[PDB]
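Below is one structure, written out as structure tokens; the observations come after it.
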Amino acid sequence: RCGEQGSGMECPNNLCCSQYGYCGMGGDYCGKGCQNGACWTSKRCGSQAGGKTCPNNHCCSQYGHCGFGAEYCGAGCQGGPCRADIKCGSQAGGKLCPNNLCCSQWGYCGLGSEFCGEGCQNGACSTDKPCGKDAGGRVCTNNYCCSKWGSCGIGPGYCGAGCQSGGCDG
Amino acid sequence: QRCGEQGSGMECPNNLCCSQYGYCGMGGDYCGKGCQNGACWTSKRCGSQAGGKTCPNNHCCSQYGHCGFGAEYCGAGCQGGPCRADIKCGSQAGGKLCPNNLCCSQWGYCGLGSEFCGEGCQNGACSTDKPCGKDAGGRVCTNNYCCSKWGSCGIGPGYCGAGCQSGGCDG
Ligand SMILES: CC(=O)N[C@H]1[C@@H](OC(=O)NCCCOCCOCCOCCCNC(=O)O[C@H]2O[C@H](CO)[C@@H](O)[C@H](O)[C@H]2NC(C)=O)O[C@H](CO)[C@@H](O)[C@@H]1O
Ligand SMILES: CC(=O)N[C@H]1[C@@H](OC(=O)NCCCOCCOCCOCCCNC(=O)O[C@H]2O[C@H](CO)[C@@H](O)[C@H](O)[C@H]2NC(C)=O)O[C@H](CO)[C@@H](O)[C@@H]1O
């Protein structure tokens, strides 16, 4: 299942999540009731939608609609994989990258070893620095949960029993 | 309920990692060894370097065939996903299809949204929903989409199952 019926799961290759939480293509999926993917009626995002982000890594246009191509990812792009470089980190007042993108040592948002590897400042860093009581009490970035084992992440093993800090369950 | 191979190739929201066990999260247990999609610490391979495989989660395929985001991945040499360069398609570019079900606009560019998927859309996830099959003079869908017994194009058991007239029907 996808969307609401499956913890916000998204379909592969821009397939549409129907109102019943099934992946497909055509009116019964992409038409009325479409939850995510290549929905015929584009989702709202950005300033026009209270800062809401686009699903499926779609770009948020200057008009607050989700999609792909120059009109969405080009000039005035508000979110998603915008064509413009996106600044983050201590170079930009500690600004986080949206959608868990990694902030590189240089203060740019992205994914891949150049971003998530050595010097990664926030997001889905691969550096896996220890947190919690055995790490001076370092809290994770992005409000990620610090597990009882002193590692940062999201999931029952991080946010559940023994969660030391972050988005711990409650 | 599950992601990855445990959940019909399902993908996590917001680049969350699908663990080797088909659950969504962040950190080593999900993004580390066994990660299936999302922000895997070891980026998936794509493009020419990997048999033309496309990146999951709509990540960019860099010139070197690794999945990710940023100028290094979506900029110069980008082979797939939301590349920064405009992507040509349709009659303007020899009837080329768009990847990942993206719509080919009236102008022959790949994208998503009404400008691309609306009037004049040539292939991909067009919202124009033009008829197919016995009542459309035997016309077939683009992208090898299934034509349902009802005469509409799509993918799913209602389109590809019983009564399927053309496309990638079941069997
Ligand atoms: C982006 C956005 O948020 N769009 C909204 C918004 O949509 C619009 O506002 N649409 C207005 C239609 C666009 O008309 C505005 C004029 O644009 C000026 C530029 O010239 C227009 C035609 C030439 N553009 C063109 O041919 O673009 C193509 O080629 C370009 C290369 O030159 C390429 O960069 C573009 O990506 C191409 N665009 C397509 C669709 O192929 O509201 C809609 C209704 O709620 C909504 O559905 C839509 O999602
Ligand atoms: C990371 C970053 O912030 N890049 C920024 C940043 O870029 C720079 O600062 N670039 C200037 C030089 C970078 O600083 C040099 C030190 O960093 C070294 C990083 O290591 C790069 C080594 C080459 N990597 C490589 O080949 O990766 C490929 O193979 C890897 C191993 O298999 C694999 O993990 C990668 O995924 C591969 N990369 C790609 C793109 O496929 O600012 C730019 C604006 O000025 C901005 O556009 C750019 O996005």
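Letters for chains follow the order of the structure tokens (A, B, ...), residue numbers begin at 1 for each chain, and ligand numbers begin at 1 in the order shown.
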
- Residues within 10 Å of ligand 2 should be enumerated using only C-alpha atoms and all ligand atoms and returned as a PyMOL selection string. (chain A and resi 84-88+102-120) or (chain B and resi 41-46+60-78)

Restricting the output to C-alpha atoms, write the selected residues as a short mmCIF file (atom, residue, chain, number, x, y, z; two decimals), in the first residue's frame.
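And here is the file that came out, part_2.cif:
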```
data_model
loop_
_atom_site.label_atom_id
_atom_site.label_comp_id
_atom_site.auth_asym_id
_atom_site.auth_seq_id
_atom_site.Cartn_x
_atom_site.Cartn_y
_atom_site.Cartn_z
CA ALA A 84 19.64 26.51 -8.37
CA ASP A 85 22.23 25.52 -5.77
CA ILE A 86 20.69 25.36 -2.28
CA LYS A 87 22.66 26.76 0.65
CA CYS A 88 22.69 25.26 4.16
CA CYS A 102 22.65 16.22 3.33
CA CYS A 103 24.36 19.55 3.96
CA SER A 104 27.94 19.25 2.69
CA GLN A 105 31.12 20.64 4.27
CA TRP A 106 30.77 23.50 1.75
CA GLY A 107 27.22 24.37 2.79
CA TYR A 108 25.26 22.98 -0.16
CA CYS A 109 22.28 20.59 -0.10
CA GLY A 110 22.35 17.26 -1.93
CA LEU A 111 22.70 13.49 -1.71
CA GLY A 112 25.68 11.27 -2.43
CA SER A 113 29.13 10.85 -0.86
CA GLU A 114 30.27 14.42 -1.69
CA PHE A 115 27.34 15.70 0.38
CA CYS A 116 26.66 12.99 2.96
CA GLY A 117 30.26 11.89 3.54
CA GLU A 118 33.16 13.59 5.31
CA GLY A 119 32.15 17.04 6.60
CA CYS A 120 28.40 16.49 6.30
CA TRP B 41 24.87 5.70 2.32
CA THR B 42 26.12 3.67 -0.65
CA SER B 43 24.39 5.39 -3.58
CA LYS B 44 22.66 3.12 -6.09
CA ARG B 45 24.17 2.80 -9.55
CA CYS B 46 22.34 4.04 -12.65
CA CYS B 60 19.49 12.38 -10.35
CA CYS B 61 21.78 10.00 -12.25
CA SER B 62 25.18 11.70 -12.41
CA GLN B 63 27.52 11.51 -15.40
CA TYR B 64 29.40 8.78 -13.52
CA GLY B 65 26.26 6.70 -12.94
CA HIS B 66 25.63 7.28 -9.22
CA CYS B 67 22.29 8.38 -7.71
CA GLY B 68 22.00 11.61 -5.72
CA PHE B 69 21.17 15.34 -5.68
CA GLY B 70 23.05 18.62 -6.14
CA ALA B 71 25.00 20.13 -9.05
CA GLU B 72 27.33 17.09 -9.19
CA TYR B 73 24.36 14.78 -9.85
CA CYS B 74 21.69 16.89 -11.60
CA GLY B 75 24.07 19.24 -13.48
CA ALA B 76 26.49 18.56 -16.34
CA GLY B 77 26.31 15.01 -17.69
CA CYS B 78 23.19 14.07 -15.73
#
```

- With a distance threshold of 7 Å and counting only C-alpha atoms, extract the residues of chain A near chain B and express them as JSON, numbers by chain. {"A": [1, 6, 8, 9, 10, 11, 12, 13, 14, 24, 25, 26, 38, 40, 42, 55, 56, 57, 66, 67, 68, 69, 70, 81, 83, 85, 99, 100, 109, 110, 111, 112, 124, 126, 152, 153, 154, 155]}

Resulting file, chosen residues, N, CA and C atoms, as a compact mmCIF listing (two decimals), in the first residue's frame:
```
# COMPACT_ATOMS: atom_id res chain seq x y z
N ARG A 1 0.84 -1.24 0.00
CA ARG A 1 0.00 0.00 0.00
C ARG A 1 0.86 1.26 0.00
N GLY A 6 -0.53 3.45 4.03
CA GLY A 6 0.78 2.83 4.11
C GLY A 6 1.85 3.80 4.56
N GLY A 8 2.41 6.89 4.35
CA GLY A 8 2.89 7.82 3.33
C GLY A 8 3.82 7.24 2.27
N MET A 9 3.84 5.91 2.13
CA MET A 9 4.64 5.24 1.09
C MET A 9 4.35 5.86 -0.27
N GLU A 10 5.37 5.92 -1.12
CA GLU A 10 5.22 6.47 -2.48
C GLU A 10 5.55 5.42 -3.52
N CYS A 11 4.90 5.54 -4.68
CA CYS A 11 5.05 4.58 -5.76
C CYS A 11 6.33 4.80 -6.56
N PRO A 12 6.90 3.72 -7.13
CA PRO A 12 8.09 3.91 -7.97
C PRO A 12 7.78 4.52 -9.34
N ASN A 13 8.72 5.33 -9.83
CA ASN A 13 8.67 5.88 -11.19
C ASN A 13 7.44 6.76 -11.45
N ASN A 14 7.10 7.59 -10.46
CA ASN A 14 5.99 8.54 -10.55
C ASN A 14 4.61 7.92 -10.79
N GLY A 24 -0.57 2.67 -9.46
CA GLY A 24 -0.89 2.46 -10.86
C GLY A 24 -0.79 3.70 -11.73
N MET A 25 -1.44 3.63 -12.89
CA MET A 25 -1.44 4.72 -13.86
C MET A 25 -2.83 4.83 -14.47
N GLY A 26 -3.21 6.04 -14.88
CA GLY A 26 -4.52 6.28 -15.45
C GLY A 26 -5.48 6.88 -14.44
N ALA A 38 2.34 11.06 -9.96
CA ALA A 38 2.03 11.97 -11.05
C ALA A 38 0.54 12.29 -11.10
N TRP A 40 -2.96 13.94 -11.60
CA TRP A 40 -3.45 14.83 -12.66
C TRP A 40 -3.70 16.25 -12.15
N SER A 42 -2.12 18.51 -9.69
CA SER A 42 -0.89 18.71 -8.92
C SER A 42 -1.14 19.16 -7.48
N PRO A 55 5.59 15.68 -2.37
CA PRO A 55 5.96 14.27 -2.37
C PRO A 55 6.77 13.89 -3.61
N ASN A 56 7.32 12.67 -3.61
CA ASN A 56 8.07 12.11 -4.75
C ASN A 56 9.27 12.94 -5.22
N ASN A 57 9.82 13.77 -4.33
CA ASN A 57 10.90 14.69 -4.70
C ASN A 57 10.57 15.61 -5.88
N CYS A 66 3.30 21.35 -7.55
CA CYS A 66 4.35 20.33 -7.64
C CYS A 66 4.49 19.77 -9.05
N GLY A 67 5.72 19.66 -9.53
CA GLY A 67 5.97 19.07 -10.84
C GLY A 67 7.43 18.98 -11.21
N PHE A 68 7.69 18.79 -12.50
CA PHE A 68 9.05 18.67 -13.02
C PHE A 68 9.15 19.48 -14.30
N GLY A 69 10.38 19.81 -14.70
CA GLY A 69 10.65 20.63 -15.87
C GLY A 69 10.98 22.04 -15.42
N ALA A 70 11.38 22.90 -16.37
CA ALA A 70 11.83 24.26 -16.08
C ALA A 70 10.84 25.11 -15.27
N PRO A 81 14.14 19.27 -5.94
CA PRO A 81 15.41 19.42 -6.65
C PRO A 81 15.45 20.62 -7.60
N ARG A 83 16.82 23.72 -9.73
CA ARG A 83 18.01 23.85 -10.57
C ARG A 83 19.09 24.72 -9.94
N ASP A 85 21.57 26.08 -6.95
CA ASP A 85 22.23 25.52 -5.77
C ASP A 85 21.53 25.99 -4.50
N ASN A 99 13.71 17.89 3.24
CA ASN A 99 13.56 16.47 2.85
C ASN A 99 14.76 15.59 3.17
N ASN A 100 15.44 15.90 4.28
CA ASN A 100 16.58 15.12 4.77
C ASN A 100 17.81 15.12 3.86
N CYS A 109 23.20 21.73 -0.27
CA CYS A 109 22.28 20.59 -0.10
C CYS A 109 22.34 19.62 -1.27
N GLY A 110 22.30 18.33 -0.94
CA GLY A 110 22.35 17.26 -1.93
C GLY A 110 22.32 15.88 -1.32
N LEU A 111 22.55 14.87 -2.15
CA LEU A 111 22.70 13.49 -1.71
C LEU A 111 23.84 12.87 -2.48
N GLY A 112 24.50 11.89 -1.86
CA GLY A 112 25.68 11.27 -2.43
C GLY A 112 26.89 11.58 -1.58
N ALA A 124 20.78 13.29 6.08
CA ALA A 124 21.13 11.86 6.05
C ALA A 124 22.64 11.59 5.91
N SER A 126 26.32 10.10 6.34
CA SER A 126 26.79 8.72 6.43
C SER A 126 27.89 8.58 7.49
N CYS A 152 22.37 8.13 15.77
CA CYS A 152 21.28 8.96 15.28
C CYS A 152 20.47 8.26 14.20
N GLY A 153 19.16 8.48 14.20
CA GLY A 153 18.30 7.99 13.12
C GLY A 153 16.81 8.12 13.39
N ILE A 154 16.02 7.41 12.59
CA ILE A 154 14.56 7.39 12.74
C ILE A 154 14.12 5.93 12.61
N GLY A 155 13.20 5.53 13.47
CA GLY A 155 12.72 4.15 13.50
C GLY A 155 12.50 3.72 14.94
```

- Query: Pick from A:163, A:23, A:54, A:60: nearest to ligand 1, with only C-alpha atoms and all ligand atoms counted?
  - Reply: A:60

- Computed interatomic separation between CA of residue 131 (chain A) and CA of residue 37 (chain B) (Å): 25.0 Å

As a PDB file with N, CA, C and O atoms, in the first residue's frame, please: every residue in chain A that DSSP puts in strand (DSSP E or B).
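Final output, selection_16.pdb:
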```pdb
ATOM      1  N   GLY A   3       0.655   5.934   0.238  1.00  0.00           N
ATOM      2  CA  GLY A   3      -0.037   7.063   0.849  1.00  0.00           C
ATOM      3  C   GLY A   3      -0.562   6.768   2.242  1.00  0.00           C
ATOM      4  O   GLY A   3       0.048   6.011   3.003  1.00  0.00           O
ATOM      5  N   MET A   9       3.841   5.914   2.129  1.00  0.00           N
ATOM      6  CA  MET A   9       4.639   5.240   1.093  1.00  0.00           C
ATOM      7  C   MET A   9       4.351   5.862  -0.270  1.00  0.00           C
ATOM      8  O   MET A   9       3.219   6.260  -0.546  1.00  0.00           O
ATOM      9  N   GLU A  10       5.369   5.924  -1.123  1.00  0.00           N
ATOM     10  CA  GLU A  10       5.223   6.474  -2.478  1.00  0.00           C
ATOM     11  C   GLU A  10       5.545   5.418  -3.524  1.00  0.00           C
ATOM     12  O   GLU A  10       6.369   4.525  -3.294  1.00  0.00           O
ATOM     13  N   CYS A  16       1.025   6.683  -9.739  1.00  0.00           N
ATOM     14  CA  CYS A  16       0.106   7.364  -8.850  1.00  0.00           C
ATOM     15  C   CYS A  16      -0.441   6.454  -7.754  1.00  0.00           C
ATOM     16  O   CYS A  16      -0.749   5.283  -8.000  1.00  0.00           O
ATOM     17  N   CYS A  17      -0.538   7.008  -6.548  1.00  0.00           N
ATOM     18  CA  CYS A  17      -1.199   6.343  -5.433  1.00  0.00           C
ATOM     19  C   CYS A  17      -2.665   6.733  -5.399  1.00  0.00           C
ATOM     20  O   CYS A  17      -3.007   7.873  -5.061  1.00  0.00           O
ATOM     21  N   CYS A  23      -0.729   1.424  -6.155  1.00  0.00           N
ATOM     22  CA  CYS A  23       0.066   2.042  -7.218  1.00  0.00           C
ATOM     23  C   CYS A  23      -0.391   1.654  -8.617  1.00  0.00           C
ATOM     24  O   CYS A  23      -0.554   0.468  -8.922  1.00  0.00           O
ATOM     25  N   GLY A  24      -0.568   2.666  -9.462  1.00  0.00           N
ATOM     26  CA  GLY A  24      -0.891   2.457 -10.864  1.00  0.00           C
ATOM     27  C   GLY A  24      -0.793   3.700 -11.731  1.00  0.00           C
ATOM     28  O   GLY A  24      -0.155   4.690 -11.367  1.00  0.00           O
ATOM     29  N   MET A  25      -1.437   3.629 -12.892  1.00  0.00           N
ATOM     30  CA  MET A  25      -1.440   4.718 -13.863  1.00  0.00           C
ATOM     31  C   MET A  25      -2.831   4.834 -14.472  1.00  0.00           C
ATOM     32  O   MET A  25      -3.557   3.851 -14.562  1.00  0.00           O
ATOM     33  N   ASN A  36      -0.457  10.704  -4.132  1.00  0.00           N
ATOM     34  CA  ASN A  36       0.901  11.105  -4.533  1.00  0.00           C
ATOM     35  C   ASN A  36       1.306  10.511  -5.893  1.00  0.00           C
ATOM     36  O   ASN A  36       0.537   9.769  -6.506  1.00  0.00           O
ATOM     37  N   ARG A  44      -0.431  21.114  -3.926  1.00  0.00           N
ATOM     38  CA  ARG A  44       0.032  22.453  -3.577  1.00  0.00           C
ATOM     39  C   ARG A  44       1.217  22.357  -2.625  1.00  0.00           C
ATOM     40  O   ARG A  44       1.329  21.394  -1.866  1.00  0.00           O
ATOM     41  N   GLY A  46       4.836  24.915  -0.771  1.00  0.00           N
ATOM     42  CA  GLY A  46       5.514  26.183  -0.528  1.00  0.00           C
ATOM     43  C   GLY A  46       4.697  27.207   0.237  1.00  0.00           C
ATOM     44  O   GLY A  46       3.819  26.855   1.033  1.00  0.00           O
ATOM     45  N   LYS A  52       4.222  23.517   3.034  1.00  0.00           N
ATOM     46  CA  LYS A  52       4.147  22.079   2.758  1.00  0.00           C
ATOM     47  C   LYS A  52       5.084  21.704   1.613  1.00  0.00           C
ATOM     48  O   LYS A  52       5.210  22.446   0.640  1.00  0.00           O
ATOM     49  N   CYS A  59       9.525  19.126  -7.724  1.00  0.00           N
ATOM     50  CA  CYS A  59       9.878  20.523  -7.480  1.00  0.00           C
ATOM     51  C   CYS A  59       8.652  21.367  -7.152  1.00  0.00           C
ATOM     52  O   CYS A  59       7.584  21.169  -7.733  1.00  0.00           O
ATOM     53  N   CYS A  60       8.812  22.316  -6.231  1.00  0.00           N
ATOM     54  CA  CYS A  60       7.747  23.265  -5.930  1.00  0.00           C
ATOM     55  C   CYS A  60       7.947  24.550  -6.725  1.00  0.00           C
ATOM     56  O   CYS A  60       8.911  25.280  -6.496  1.00  0.00           O
ATOM     57  N   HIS A  65       2.837  24.870  -6.945  1.00  0.00           N
ATOM     58  CA  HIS A  65       2.370  23.602  -7.511  1.00  0.00           C
ATOM     59  C   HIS A  65       3.555  22.649  -7.697  1.00  0.00           C
ATOM     60  O   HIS A  65       4.668  23.086  -7.976  1.00  0.00           O
ATOM     61  N   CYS A  66       3.301  21.351  -7.550  1.00  0.00           N
ATOM     62  CA  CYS A  66       4.352  20.332  -7.642  1.00  0.00           C
ATOM     63  C   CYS A  66       4.490  19.772  -9.055  1.00  0.00           C
ATOM     64  O   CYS A  66       3.494  19.441  -9.706  1.00  0.00           O
ATOM     65  N   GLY A  67       5.725  19.655  -9.526  1.00  0.00           N
ATOM     66  CA  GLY A  67       5.973  19.069 -10.844  1.00  0.00           C
ATOM     67  C   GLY A  67       7.435  18.981 -11.213  1.00  0.00           C
ATOM     68  O   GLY A  67       8.309  19.079 -10.361  1.00  0.00           O
ATOM     69  N   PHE A  68       7.692  18.789 -12.501  1.00  0.00           N
ATOM     70  CA  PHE A  68       9.048  18.670 -13.024  1.00  0.00           C
ATOM     71  C   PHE A  68       9.154  19.483 -14.305  1.00  0.00           C
ATOM     72  O   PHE A  68       8.141  19.789 -14.928  1.00  0.00           O
ATOM     73  N   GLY A  79      11.153  24.516  -3.591  1.00  0.00           N
ATOM     74  CA  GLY A  79      11.478  23.257  -2.920  1.00  0.00           C
ATOM     75  C   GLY A  79      11.708  22.122  -3.902  1.00  0.00           C
ATOM     76  O   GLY A  79      11.528  22.286  -5.114  1.00  0.00           O
ATOM     77  N   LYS A  87      21.725  26.553  -0.451  1.00  0.00           N
ATOM     78  CA  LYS A  87      22.662  26.756   0.650  1.00  0.00           C
ATOM     79  C   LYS A  87      22.109  26.290   1.994  1.00  0.00           C
ATOM     80  O   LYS A  87      20.892  26.333   2.242  1.00  0.00           O
ATOM     81  N   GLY A  89      23.687  24.925   6.340  1.00  0.00           N
ATOM     82  CA  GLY A  89      24.778  24.729   7.290  1.00  0.00           C
ATOM     83  C   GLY A  89      25.185  25.992   8.015  1.00  0.00           C
ATOM     84  O   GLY A  89      24.442  26.975   8.031  1.00  0.00           O
ATOM     85  N   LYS A  95      21.074  26.774   8.712  1.00  0.00           N
ATOM     86  CA  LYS A  95      19.903  26.351   7.933  1.00  0.00           C
ATOM     87  C   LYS A  95      19.988  24.878   7.530  1.00  0.00           C
ATOM     88  O   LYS A  95      21.031  24.420   7.054  1.00  0.00           O
ATOM     89  N   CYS A 102      21.447  15.975   2.554  1.00  0.00           N
ATOM     90  CA  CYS A 102      22.653  16.220   3.333  1.00  0.00           C
ATOM     91  C   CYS A 102      23.174  17.623   3.072  1.00  0.00           C
ATOM     92  O   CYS A 102      23.142  18.109   1.950  1.00  0.00           O
ATOM     93  N   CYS A 103      23.653  18.279   4.123  1.00  0.00           N
ATOM     94  CA  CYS A 103      24.356  19.546   3.957  1.00  0.00           C
ATOM     95  C   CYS A 103      25.854  19.275   3.957  1.00  0.00           C
ATOM     96  O   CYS A 103      26.392  18.782   4.944  1.00  0.00           O
ATOM     97  N   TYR A 108      26.251  23.227   0.883  1.00  0.00           N
ATOM     98  CA  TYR A 108      25.258  22.985  -0.159  1.00  0.00           C
ATOM     99  C   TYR A 108      24.484  21.694   0.080  1.00  0.00           C
ATOM    100  O   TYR A 108      25.043  20.703   0.571  1.00  0.00           O
ATOM    101  N   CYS A 109      23.196  21.725  -0.269  1.00  0.00           N
ATOM    102  CA  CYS A 109      22.285  20.592  -0.101  1.00  0.00           C
ATOM    103  C   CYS A 109      22.342  19.618  -1.270  1.00  0.00           C
ATOM    104  O   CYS A 109      22.393  20.030  -2.437  1.00  0.00           O
ATOM    105  N   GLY A 110      22.299  18.329  -0.942  1.00  0.00           N
ATOM    106  CA  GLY A 110      22.350  17.261  -1.933  1.00  0.00           C
ATOM    107  C   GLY A 110      22.325  15.875  -1.317  1.00  0.00           C
ATOM    108  O   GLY A 110      22.063  15.713  -0.126  1.00  0.00           O
ATOM    109  N   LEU A 111      22.548  14.874  -2.154  1.00  0.00           N
ATOM    110  CA  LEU A 111      22.696  13.495  -1.710  1.00  0.00           C
ATOM    111  C   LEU A 111      23.842  12.869  -2.480  1.00  0.00           C
ATOM    112  O   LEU A 111      24.114  13.264  -3.616  1.00  0.00           O
ATOM    113  N   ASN A 122      24.427  18.174   8.318  1.00  0.00           N
ATOM    114  CA  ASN A 122      23.090  17.741   8.710  1.00  0.00           C
ATOM    115  C   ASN A 122      22.434  16.878   7.637  1.00  0.00           C
ATOM    116  O   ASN A 122      23.015  16.649   6.569  1.00  0.00           O
ATOM    117  N   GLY A 132      24.296  11.175  22.481  1.00  0.00           N
ATOM    118  CA  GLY A 132      23.777  10.734  23.771  1.00  0.00           C
ATOM    119  C   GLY A 132      24.809  10.716  24.880  1.00  0.00           C
ATOM    120  O   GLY A 132      25.907  11.259  24.732  1.00  0.00           O
ATOM    121  N   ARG A 138      25.758  14.889  23.049  1.00  0.00           N
ATOM    122  CA  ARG A 138      25.480  15.464  21.733  1.00  0.00           C
ATOM    123  C   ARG A 138      24.098  15.019  21.264  1.00  0.00           C
ATOM    124  O   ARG A 138      23.785  13.826  21.285  1.00  0.00           O
ATOM    125  N   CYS A 145      16.284  10.987  16.286  1.00  0.00           N
ATOM    126  CA  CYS A 145      16.341  10.364  17.601  1.00  0.00           C
ATOM    127  C   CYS A 145      17.710   9.761  17.854  1.00  0.00           C
ATOM    128  O   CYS A 145      18.329   9.181  16.958  1.00  0.00           O
ATOM    129  N   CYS A 146      18.179   9.920  19.085  1.00  0.00           N
ATOM    130  CA  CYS A 146      19.405   9.289  19.530  1.00  0.00           C
ATOM    131  C   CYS A 146      19.023   8.007  20.255  1.00  0.00           C
ATOM    132  O   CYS A 146      18.330   8.045  21.273  1.00  0.00           O
ATOM    133  N   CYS A 152      22.375   8.129  15.766  1.00  0.00           N
ATOM    134  CA  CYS A 152      21.278   8.962  15.281  1.00  0.00           C
ATOM    135  C   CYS A 152      20.468   8.259  14.199  1.00  0.00           C
ATOM    136  O   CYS A 152      21.022   7.535  13.383  1.00  0.00           O
ATOM    137  N   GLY A 153      19.156   8.481  14.199  1.00  0.00           N
ATOM    138  CA  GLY A 153      18.296   7.985  13.119  1.00  0.00           C
ATOM    139  C   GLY A 153      16.814   8.122  13.392  1.00  0.00           C
ATOM    140  O   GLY A 153      16.400   8.859  14.297  1.00  0.00           O
ATOM    141  N   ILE A 154      16.016   7.414  12.593  1.00  0.00           N
ATOM    142  CA  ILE A 154      14.563   7.388  12.737  1.00  0.00           C
ATOM    143  C   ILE A 154      14.122   5.934  12.608  1.00  0.00           C
ATOM    144  O   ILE A 154      14.625   5.197  11.757  1.00  0.00           O
ATOM    145  N   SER A 165      17.330  11.375  23.042  1.00  0.00           N
ATOM    146  CA  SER A 165      16.971  12.742  22.655  1.00  0.00           C
ATOM    147  C   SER A 165      16.428  12.752  21.239  1.00  0.00           C
ATOM    148  O   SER A 165      16.663  11.810  20.484  1.00  0.00           O
TER     149      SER A 165
END
```

- Work out how far apart CA of residue 90 (chain B) and CA of residue 104 (chain B) are and give it in Å to one decimal. 6.2 Å

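Minimum atom-to-atom distance to residue 39 (chain A), evaluated using only C-alpha atoms, belongs to A:15 out of A:121, A:53, A:15, A:82.
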
- Message: Which residue is closest to ligand 1? Choose from A:136, A:64, A:156, A:162 and count only C-alpha atoms and all ligand atoms.
- Response: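 Going through A:136, A:64, A:156, A:162 one by one, the smallest distance to ligand 1 is for A:64.
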
- Message: Based on the backbone DSSP call, show me all residues of chain A assigned alpha helix (DSSP H), as a list in words.
- Response: residues 27, 28, 29, 30, 70, 71, 72, 73, 113, 114, 115, 116, 156, 157, 158 and 159 of chain A

Next, write the just-selected residues to a file, as a PDB file, in the first residue's frame, keeping N, CA and C atoms as the atom set.
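Here's the written file part-v4.pdb:
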```pdb
ATOM      1  N   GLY A  27      -6.683   7.201 -14.900  1.00  0.00           N
ATOM      2  CA  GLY A  27      -7.676   7.905 -14.085  1.00  0.00           C
ATOM      3  C   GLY A  27      -7.962   7.365 -12.696  1.00  0.00           C
ATOM      4  N   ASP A  28      -8.027   6.044 -12.567  1.00  0.00           N
ATOM      5  CA  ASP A  28      -8.350   5.409 -11.286  1.00  0.00           C
ATOM      6  C   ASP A  28      -7.270   5.592 -10.217  1.00  0.00           C
ATOM      7  N   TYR A  29      -6.080   6.008 -10.646  1.00  0.00           N
ATOM      8  CA  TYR A  29      -4.945   6.221  -9.738  1.00  0.00           C
ATOM      9  C   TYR A  29      -4.560   7.691  -9.694  1.00  0.00           C
ATOM     10  N   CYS A  30      -4.322   8.250 -10.880  1.00  0.00           N
ATOM     11  CA  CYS A  30      -3.847   9.621 -11.066  1.00  0.00           C
ATOM     12  C   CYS A  30      -4.973  10.659 -11.024  1.00  0.00           C
ATOM     13  N   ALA A  70      11.376  22.896 -16.367  1.00  0.00           N
ATOM     14  CA  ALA A  70      11.833  24.259 -16.077  1.00  0.00           C
ATOM     15  C   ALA A  70      10.840  25.106 -15.269  1.00  0.00           C
ATOM     16  N   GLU A  71       9.548  24.969 -15.579  1.00  0.00           N
ATOM     17  CA  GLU A  71       8.480  25.738 -14.930  1.00  0.00           C
ATOM     18  C   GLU A  71       8.372  25.481 -13.420  1.00  0.00           C
ATOM     19  N   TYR A  72       8.835  24.308 -12.992  1.00  0.00           N
ATOM     20  CA  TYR A  72       8.756  23.883 -11.591  1.00  0.00           C
ATOM     21  C   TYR A  72      10.101  23.946 -10.869  1.00  0.00           C
ATOM     22  N   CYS A  73      11.149  23.454 -11.526  1.00  0.00           N
ATOM     23  CA  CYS A  73      12.498  23.402 -10.951  1.00  0.00           C
ATOM     24  C   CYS A  73      13.372  24.612 -11.269  1.00  0.00           C
ATOM     25  N   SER A 113      27.949  10.794  -1.740  1.00  0.00           N
ATOM     26  CA  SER A 113      29.130  10.846  -0.858  1.00  0.00           C
ATOM     27  C   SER A 113      29.745  12.246  -0.697  1.00  0.00           C
ATOM     28  N   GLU A 114      29.734  13.055  -1.761  1.00  0.00           N
ATOM     29  CA  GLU A 114      30.272  14.422  -1.692  1.00  0.00           C
ATOM     30  C   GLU A 114      29.488  15.290  -0.719  1.00  0.00           C
ATOM     31  N   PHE A 115      28.214  14.947  -0.517  1.00  0.00           N
ATOM     32  CA  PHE A 115      27.343  15.698   0.377  1.00  0.00           C
ATOM     33  C   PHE A 115      27.207  15.042   1.741  1.00  0.00           C
ATOM     34  N   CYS A 116      26.972  13.730   1.740  1.00  0.00           N
ATOM     35  CA  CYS A 116      26.658  12.989   2.957  1.00  0.00           C
ATOM     36  C   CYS A 116      27.890  12.447   3.670  1.00  0.00           C
ATOM     37  N   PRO A 156      11.821   2.579  15.140  1.00  0.00           N
ATOM     38  CA  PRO A 156      11.507   2.071  16.476  1.00  0.00           C
ATOM     39  C   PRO A 156      12.739   1.859  17.350  1.00  0.00           C
ATOM     40  N   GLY A 157      13.846   1.451  16.729  1.00  0.00           N
ATOM     41  CA  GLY A 157      15.094   1.206  17.435  1.00  0.00           C
ATOM     42  C   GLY A 157      15.813   2.476  17.854  1.00  0.00           C
ATOM     43  N   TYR A 158      15.406   3.607  17.279  1.00  0.00           N
ATOM     44  CA  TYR A 158      16.003   4.906  17.596  1.00  0.00           C
ATOM     45  C   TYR A 158      15.102   5.753  18.478  1.00  0.00           C
ATOM     46  N   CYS A 159      13.825   5.816  18.108  1.00  0.00           N
ATOM     47  CA  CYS A 159      12.855   6.713  18.735  1.00  0.00           C
ATOM     48  C   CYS A 159      12.016   6.049  19.825  1.00  0.00           C
TER      49      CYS A 159
END
```

- In Å to one decimal, how far is CA of residue 105 (chain B) from atom 35 (C, counted along the ligand's line) of ligand 1? 8.7 Å

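Restricting the calculation to only C-alpha atoms, the smallest distance between residue 76 (chain A) and any of A:35, A:7, A:91, A:61 is found for A:61.
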
- For ligand 1, which residue out of B:96, B:165, B:141, B:89 is the nearest one, using only C-alpha atoms and all ligand atoms? B:89
